[PDB]
>>> print(open('run.cif').read())   # mmCIF, C-alpha atoms; chains and numbers go by the auth columns
data_work
loop_
_atom_site.group_PDB
_atom_site.id
_atom_site.type_symbol
_atom_site.label_atom_id
_atom_site.label_comp_id
_atom_site.label_asym_id
_atom_site.label_seq_id
_atom_site.Cartn_x
_atom_site.Cartn_y
_atom_site.Cartn_z
_atom_site.B_iso_or_equiv
_atom_site.auth_seq_id
_atom_site.auth_asym_id
ATOM 1 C CA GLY A 1 97.357 33.286 67.228 0.00 1 U
ATOM 2 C CA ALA A 2 98.673 33.776 70.779 0.00 2 U
ATOM 3 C CA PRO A 3 95.709 31.894 72.382 0.00 3 U
ATOM 4 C CA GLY A 4 95.732 33.562 75.821 0.00 4 U
ATOM 5 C CA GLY A 5 94.162 37.050 75.997 0.00 5 U
ATOM 6 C CA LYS A 6 94.485 39.734 78.724 0.00 6 U
ATOM 7 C CA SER A 7 97.377 41.220 76.642 0.00 7 U
ATOM 8 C CA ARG A 8 98.208 44.548 74.888 0.00 8 U
ATOM 9 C CA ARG A 9 96.601 43.440 71.573 0.00 9 U
ATOM 10 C CA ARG A 10 97.441 46.509 69.380 0.00 10 U
ATOM 11 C CA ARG A 11 95.135 49.573 69.049 0.00 11 U
ATOM 12 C CA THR A 12 92.794 50.813 66.320 0.00 12 U
ATOM 13 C CA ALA A 13 93.964 53.823 64.262 0.00 13 U
ATOM 14 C CA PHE A 14 92.782 56.488 66.709 0.00 14 U
ATOM 15 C CA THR A 15 95.159 59.450 67.231 0.00 15 U
ATOM 16 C CA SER A 16 95.756 61.015 70.693 0.00 16 U
ATOM 17 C CA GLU A 17 92.893 63.485 69.956 0.00 17 U
ATOM 18 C CA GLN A 18 90.491 60.629 69.319 0.00 18 U
ATOM 19 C CA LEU A 19 91.839 58.897 72.456 0.00 19 U
ATOM 20 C CA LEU A 20 91.359 62.038 74.605 0.00 20 U
ATOM 21 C CA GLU A 21 87.585 62.532 74.469 0.00 21 U
ATOM 22 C CA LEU A 22 87.002 58.750 74.659 0.00 22 U
ATOM 23 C CA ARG A 23 89.035 58.325 77.817 0.00 23 U
ATOM 24 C CA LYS A 24 87.476 61.420 79.409 0.00 24 U
ATOM 25 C CA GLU A 25 83.926 60.123 78.635 0.00 25 U
ATOM 26 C CA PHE A 26 84.837 56.723 80.168 0.00 26 U
ATOM 27 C CA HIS A 27 85.255 58.301 83.637 0.00 27 U
ATOM 28 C CA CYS A 28 81.828 60.024 83.322 0.00 28 U
ATOM 29 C CA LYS A 29 79.277 57.702 81.703 0.00 29 U
ATOM 30 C CA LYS A 30 79.339 53.906 81.897 0.00 30 U
ATOM 31 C CA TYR A 31 77.189 53.922 78.695 0.00 31 U
ATOM 32 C CA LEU A 32 76.641 56.543 75.951 0.00 32 U
ATOM 33 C CA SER A 33 73.139 56.816 74.389 0.00 33 U
ATOM 34 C CA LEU A 34 72.722 56.527 70.563 0.00 34 U
ATOM 35 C CA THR A 35 72.858 60.304 69.899 0.00 35 U
ATOM 36 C CA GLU A 36 75.755 60.599 72.399 0.00 36 U
ATOM 37 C CA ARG A 37 77.795 58.070 70.323 0.00 37 U
ATOM 38 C CA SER A 38 77.060 60.268 67.287 0.00 38 U
ATOM 39 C CA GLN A 39 78.579 63.269 69.220 0.00 39 U
ATOM 40 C CA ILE A 40 81.796 61.384 70.139 0.00 40 U
ATOM 41 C CA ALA A 41 81.867 60.140 66.494 0.00 41 U
ATOM 42 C CA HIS A 42 81.518 63.492 64.692 0.00 42 U
ATOM 43 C CA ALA A 43 83.820 65.176 67.257 0.00 43 U
ATOM 44 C CA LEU A 44 86.611 62.754 66.264 0.00 44 U
ATOM 45 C CA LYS A 45 85.825 62.372 62.494 0.00 45 U
ATOM 46 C CA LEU A 46 85.019 58.697 63.286 0.00 46 U
ATOM 47 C CA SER A 47 81.994 56.536 62.458 0.00 47 U
ATOM 48 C CA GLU A 48 79.293 55.652 65.059 0.00 48 U
ATOM 49 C CA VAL A 49 80.603 52.038 64.741 0.00 49 U
ATOM 50 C CA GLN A 50 84.336 52.928 65.271 0.00 50 U
ATOM 51 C CA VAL A 51 83.381 54.544 68.605 0.00 51 U
ATOM 52 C CA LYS A 52 81.100 51.649 69.746 0.00 52 U
ATOM 53 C CA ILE A 53 83.983 49.200 69.201 0.00 53 U
ATOM 54 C CA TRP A 54 86.452 51.364 71.158 0.00 54 U
ATOM 55 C CA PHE A 55 84.184 51.888 74.225 0.00 55 U
ATOM 56 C CA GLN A 56 83.491 48.103 74.451 0.00 56 U
ATOM 57 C CA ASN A 57 87.213 47.272 74.099 0.00 57 U
ATOM 58 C CA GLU A 58 88.031 49.775 76.860 0.00 58 U
ATOM 59 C CA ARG A 59 85.474 48.488 79.386 0.00 59 U
ATOM 60 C CA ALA A 60 87.298 45.130 79.371 0.00 60 U
ATOM 61 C CA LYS A 61 90.841 46.531 79.303 0.00 61 U
ATOM 62 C CA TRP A 62 90.044 48.745 82.305 0.00 62 U
ATOM 63 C CA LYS A 63 88.099 46.035 84.215 0.00 63 U
ATOM 64 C CA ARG A 64 91.182 43.749 84.074 0.00 64 U
ATOM 65 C CA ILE A 65 93.084 46.480 86.014 0.00 65 U
ATOM 66 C CA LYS A 66 90.732 45.909 89.050 0.00 66 U
ATOM 67 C CA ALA A 67 93.325 43.840 90.900 0.00 67 U
ATOM 68 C CA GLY A 68 91.241 43.061 93.973 0.00 68 U
ATOM 69 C CA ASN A 69 88.672 40.910 92.159 0.00 69 U
ATOM 70 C CA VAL A 70 90.507 37.580 92.696 0.00 70 U
ATOM 71 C CA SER A 71 87.701 36.758 95.185 0.00 71 U
#
>>> encode(input="run.cif", output="structure tokens")
Amino acid sequence: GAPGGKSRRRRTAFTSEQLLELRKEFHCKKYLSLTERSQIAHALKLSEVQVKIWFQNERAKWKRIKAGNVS
């Protein structure tokens, strides 16, 4: 449904705490290591998979904000 993309397609159930650390980390490291994901997982009560899915979903959402990439 809504075959388009580049939209505000909902969020996962992450609270503002769980959003805080994630968004801070995003401005530091372009990639977390395996053990690093386990830090940002435990720190937020989340699973190592919940965090992997968020970081990947953010890389795209933020890249679309880079206006001057029209070529």
>>> atom_distance(input="run.cif", atom1="CA of residue 60 in chain U", atom2="CA of residue 15 in chain U")
20.4 Å
>>> resolve_selection(input="run.cif", expression="the PyMOL selection byres ((chain U and resi 42-57) around 10)", output="ChimeraX atom specification")
/U:11-15,17-23,25-26,30-32,34-41,58-62
>>> atom_distance(input="run.cif", atom1="CA of residue 6 in chain U", atom2="CA of residue 63 in chain U")
10.5 Å
>>> build_atoms(input="run.cif", residues="range 14-35 of chain U", atoms="N, CA, C and O atoms", output="PDB file, in the frame of the given file")
ATOM      1  N   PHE U  14      93.316  55.314  66.047  1.00  0.00           N
ATOM      2  CA  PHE U  14      92.782  56.488  66.709  1.00  0.00           C
ATOM      3  C   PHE U  14      94.030  57.280  67.098  1.00  0.00           C
ATOM      4  O   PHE U  14      94.978  56.683  67.629  1.00  0.00           O
ATOM      5  N   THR U  15      94.097  58.566  66.779  1.00  0.00           N
ATOM      6  CA  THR U  15      95.159  59.450  67.231  1.00  0.00           C
ATOM      7  C   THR U  15      94.911  59.866  68.687  1.00  0.00           C
ATOM      8  O   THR U  15      93.833  59.618  69.231  1.00  0.00           O
ATOM      9  N   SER U  16      95.880  60.526  69.327  1.00  0.00           N
ATOM     10  CA  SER U  16      95.756  61.015  70.693  1.00  0.00           C
ATOM     11  C   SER U  16      94.572  61.961  70.893  1.00  0.00           C
ATOM     12  O   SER U  16      94.097  62.073  72.019  1.00  0.00           O
ATOM     13  N   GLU U  17      94.089  62.650  69.857  1.00  0.00           N
ATOM     14  CA  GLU U  17      92.893  63.485  69.956  1.00  0.00           C
ATOM     15  C   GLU U  17      91.686  62.592  70.191  1.00  0.00           C
ATOM     16  O   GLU U  17      90.909  62.778  71.123  1.00  0.00           O
ATOM     17  N   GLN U  18      91.578  61.580  69.339  1.00  0.00           N
ATOM     18  CA  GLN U  18      90.491  60.629  69.319  1.00  0.00           C
ATOM     19  C   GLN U  18      90.513  59.789  70.596  1.00  0.00           C
ATOM     20  O   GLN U  18      89.466  59.379  71.081  1.00  0.00           O
ATOM     21  N   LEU U  19      91.694  59.587  71.186  1.00  0.00           N
ATOM     22  CA  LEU U  19      91.839  58.897  72.456  1.00  0.00           C
ATOM     23  C   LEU U  19      91.467  59.794  73.637  1.00  0.00           C
ATOM     24  O   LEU U  19      91.225  59.268  74.721  1.00  0.00           O
ATOM     25  N   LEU U  20      91.447  61.121  73.479  1.00  0.00           N
ATOM     26  CA  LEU U  20      91.359  62.038  74.605  1.00  0.00           C
ATOM     27  C   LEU U  20      89.930  62.053  75.119  1.00  0.00           C
ATOM     28  O   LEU U  20      89.677  61.749  76.290  1.00  0.00           O
ATOM     29  N   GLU U  21      89.009  62.381  74.214  1.00  0.00           N
ATOM     30  CA  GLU U  21      87.585  62.532  74.469  1.00  0.00           C
ATOM     31  C   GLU U  21      87.027  61.212  74.982  1.00  0.00           C
ATOM     32  O   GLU U  21      86.309  61.185  75.977  1.00  0.00           O
ATOM     33  N   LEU U  22      87.418  60.113  74.334  1.00  0.00           N
ATOM     34  CA  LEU U  22      87.002  58.750  74.659  1.00  0.00           C
ATOM     35  C   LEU U  22      87.319  58.404  76.100  1.00  0.00           C
ATOM     36  O   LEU U  22      86.506  57.792  76.798  1.00  0.00           O
ATOM     37  N   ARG U  23      88.538  58.725  76.524  1.00  0.00           N
ATOM     38  CA  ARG U  23      89.035  58.325  77.817  1.00  0.00           C
ATOM     39  C   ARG U  23      88.438  59.253  78.861  1.00  0.00           C
ATOM     40  O   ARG U  23      88.170  58.790  79.969  1.00  0.00           O
ATOM     41  N   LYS U  24      88.169  60.518  78.510  1.00  0.00           N
ATOM     42  CA  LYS U  24      87.476  61.420  79.409  1.00  0.00           C
ATOM     43  C   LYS U  24      86.054  60.896  79.629  1.00  0.00           C
ATOM     44  O   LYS U  24      85.633  60.755  80.779  1.00  0.00           O
ATOM     45  N   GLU U  25      85.315  60.580  78.561  1.00  0.00           N
ATOM     46  CA  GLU U  25      83.926  60.123  78.635  1.00  0.00           C
ATOM     47  C   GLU U  25      83.808  58.878  79.511  1.00  0.00           C
ATOM     48  O   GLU U  25      82.841  58.755  80.264  1.00  0.00           O
ATOM     49  N   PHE U  26      84.796  57.980  79.432  1.00  0.00           N
ATOM     50  CA  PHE U  26      84.837  56.723  80.168  1.00  0.00           C
ATOM     51  C   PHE U  26      84.729  56.930  81.683  1.00  0.00           C
ATOM     52  O   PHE U  26      84.152  56.088  82.379  1.00  0.00           O
ATOM     53  N   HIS U  27      85.299  58.020  82.209  1.00  0.00           N
ATOM     54  CA  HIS U  27      85.255  58.301  83.637  1.00  0.00           C
ATOM     55  C   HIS U  27      83.931  58.967  84.041  1.00  0.00           C
ATOM     56  O   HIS U  27      83.586  58.969  85.223  1.00  0.00           O
ATOM     57  N   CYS U  28      83.165  59.502  83.083  1.00  0.00           N
ATOM     58  CA  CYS U  28      81.828  60.024  83.322  1.00  0.00           C
ATOM     59  C   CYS U  28      80.797  58.912  83.181  1.00  0.00           C
ATOM     60  O   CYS U  28      80.258  58.458  84.190  1.00  0.00           O
ATOM     61  N   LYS U  29      80.465  58.506  81.953  1.00  0.00           N
ATOM     62  CA  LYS U  29      79.277  57.702  81.703  1.00  0.00           C
ATOM     63  C   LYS U  29      79.678  56.269  81.404  1.00  0.00           C
ATOM     64  O   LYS U  29      80.491  55.998  80.520  1.00  0.00           O
ATOM     65  N   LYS U  30      79.089  55.325  82.141  1.00  0.00           N
ATOM     66  CA  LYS U  30      79.339  53.906  81.897  1.00  0.00           C
ATOM     67  C   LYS U  30      78.803  53.473  80.530  1.00  0.00           C
ATOM     68  O   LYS U  30      79.337  52.518  79.957  1.00  0.00           O
ATOM     69  N   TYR U  31      77.792  54.160  79.996  1.00  0.00           N
ATOM     70  CA  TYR U  31      77.189  53.922  78.695  1.00  0.00           C
ATOM     71  C   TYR U  31      76.907  55.288  78.069  1.00  0.00           C
ATOM     72  O   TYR U  31      76.469  56.199  78.766  1.00  0.00           O
ATOM     73  N   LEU U  32      77.142  55.431  76.764  1.00  0.00           N
ATOM     74  CA  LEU U  32      76.641  56.543  75.951  1.00  0.00           C
ATOM     75  C   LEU U  32      75.255  56.149  75.427  1.00  0.00           C
ATOM     76  O   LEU U  32      75.062  54.971  75.119  1.00  0.00           O
ATOM     77  N   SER U  33      74.323  57.080  75.219  1.00  0.00           N
ATOM     78  CA  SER U  33      73.139  56.816  74.389  1.00  0.00           C
ATOM     79  C   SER U  33      73.518  56.795  72.894  1.00  0.00           C
ATOM     80  O   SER U  33      74.680  57.004  72.530  1.00  0.00           O
ATOM     81  N   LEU U  34      72.536  56.564  72.014  1.00  0.00           N
ATOM     82  CA  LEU U  34      72.722  56.527  70.563  1.00  0.00           C
ATOM     83  C   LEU U  34      73.222  57.880  70.052  1.00  0.00           C
ATOM     84  O   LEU U  34      74.290  57.950  69.445  1.00  0.00           O
ATOM     85  N   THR U  35      72.485  58.958  70.322  1.00  0.00           N
ATOM     86  CA  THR U  35      72.858  60.304  69.899  1.00  0.00           C
ATOM     87  C   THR U  35      74.203  60.721  70.493  1.00  0.00           C
ATOM     88  O   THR U  35      75.004  61.330  69.784  1.00  0.00           O
TER      89      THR U  35
END
